[PDB]
Amino acid sequence: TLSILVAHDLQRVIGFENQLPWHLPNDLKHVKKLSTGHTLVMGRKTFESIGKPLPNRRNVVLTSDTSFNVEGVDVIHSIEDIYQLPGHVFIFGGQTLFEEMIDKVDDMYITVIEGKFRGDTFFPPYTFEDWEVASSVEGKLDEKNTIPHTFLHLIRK
Ligand SMILES: NC(=O)c1ccc[n+]([C@@H]2O[C@H](COP(=O)([O-])OP(=O)(O)OC[C@H]3O[C@@H](n4cnc5c(N)ncnc54)[C@H](OP(=O)(O)O)[C@@H]3O)[C@@H](O)[C@H]2O)c1
Ligand SMILES: CCOc1ccc(-c2cccc(NS(C)(=O)=O)c2)cc1-c1ccc2c(N)nc(N)nc2c1
């Protein structure tokens with residue numbers, strides 16, 4: 001299975017200055033639950049933002065840099081390489097990867113951040129005419145998680 005995993009705000013903002021615009025621990029819990037024991041494919045900038053491979057899953061980085069060889073990370077140099085990866089593969093960002101893959105993936109696991117943030121990178125437009133809502137679950141708010149958010153699982157029609 002090939003899936004997108006993304007958090008985007010009401011205007012599809014996903015990033016600002018190579019980091020997430022929001023602090024939302026619940027989204028990370030969501031990422032952990034979905035991707036632990038599976039595979040993440042990410043662009044080079046996204047990887048450098050995180051700074052290290054995420055534990056307990058396969059981390060694959062897409063880059064044109066032929067000098068890229070980082071411990072605990074597998075490297076690929078083409079979109080076509082993604083299709084050779086076994087198991088459940090999650091496209092993990094950033095904007096360039098999402099743009100390249102939104103028409104190819106089976107489904108999407110979106111955290112809708114129900115706010116309007118300043119962004120410099122965006123998730124591409126999509127329409128519910130193309131995507132069935134498999135589930136929609138409101139995130140619980142507390143002291144640590146103060147921005148309303150909704151977890152959507154969309155499946156291509
Ligand atoms: N909210 C979210 O769900 C989320 C998730 C991930 C990232 N982000 C945000 O997204 C932003 C980064 O997005 P971005 O688009 O600037 O960068 P990105 O997608 O993370 O990485 C871009 C880089 O990926 C490589 N790449 C992409 N397609 C390639 C291809 N077909 N062949 C070879 N290399 C390819 C290139 O690396 P080289 O230049 O090294 O060749 C390219 O410069 C940041 O603000 C980050 O915080 C948000
Ligand atoms: C571009 C910068 O983005 C990040 C930086 C740090 C961490 C992060 C920090 C600590 C621990 C973990 N691991 S965990 C708990 O998520 O499994 C991740 C996670 C993200 C990050 C990266 C991609 C995504 C993505 N595709 N989707 C969603 N819903 N959230 C993300 C969060």
# chains A, B, ... in the order shown; residues from 1 in each chain; ligands from 1
$ residues_near_ligand --ligand "ligand 2" --cutoff "7 Å" --atoms "only C-alpha atoms and all ligand atoms" --output "ChimeraX atom specification"
/A:5-7,15,18-20,27-32,36,46,49-50,54,91-93,110-111
$ residues_around --residues "stretch 57-68 of chain A" --least-positions-apart "4" --cutoff "9 Å" --atoms "only C-alpha atoms" --output "compact mmCIF listing (two decimals) with C-alpha atoms, in the first residue's frame"
# COMPACT_ATOMS: atom_id res chain seq x y z
CA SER A 35 4.19 4.49 10.64
CA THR A 36 6.03 2.48 13.35
CA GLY A 37 7.11 -0.80 11.76
CA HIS A 38 6.53 0.55 8.23
CA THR A 39 8.33 2.81 5.72
CA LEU A 40 8.53 6.59 5.37
CA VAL A 41 9.70 8.17 2.10
CA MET A 42 10.65 11.84 2.39
CA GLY A 43 12.42 14.56 0.42
CA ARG A 44 15.86 15.78 1.42
CA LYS A 45 14.66 19.01 3.06
CA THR A 46 12.16 17.16 5.25
CA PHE A 47 14.90 14.80 6.34
CA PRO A 53 15.99 8.96 10.95
CA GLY A 72 20.06 4.35 9.32
CA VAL A 73 18.67 5.95 6.17
CA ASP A 74 18.16 4.34 2.79
CA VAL A 75 18.55 6.64 -0.18
CA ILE A 76 16.70 6.76 -3.50
CA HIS A 77 17.30 9.07 -6.48
CA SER A 78 14.05 8.67 -8.42
CA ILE A 79 10.31 8.71 -7.80
CA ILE A 82 9.34 4.26 -4.47
CA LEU A 97 7.02 14.94 -2.67
$ atom_distance --atom1 "atom CA of residue A:25" --atom2 "atom 38 (P, counted along the ligand's line) of ligand 1"
28.5 Å
$ closest_residue --among "A:127, A:96, A:135, A:11" --to "ligand 1" --atoms "only C-alpha atoms and all ligand atoms"
A:96
$ closest_residue --among "A:123, A:83, A:16, A:128" --to "ligand 1" --atoms "only C-alpha atoms and all ligand atoms"
A:16
$ closest_residue --among "A:55, A:21, A:119, A:94" --to "ligand 1" --atoms "only C-alpha atoms and all ligand atoms"
A:94
$ select_by_dssp --residues "stretch 13-148 of chain A" --states "strand (DSSP E)" --output "PyMOL selection string"
chain A and resi 13-15+39-43+58-62+73-76+89-91+107-113+121-122+131-138
$ atom_distance --atom1 "atom CA of residue A:3" --atom2 "atom 41 (O, counted along the ligand's line) of ligand 1"
22.1 Å
$ atom_distance --atom1 "atom CA of residue A:26" --atom2 "atom CA of residue A:149"
9.2 Å
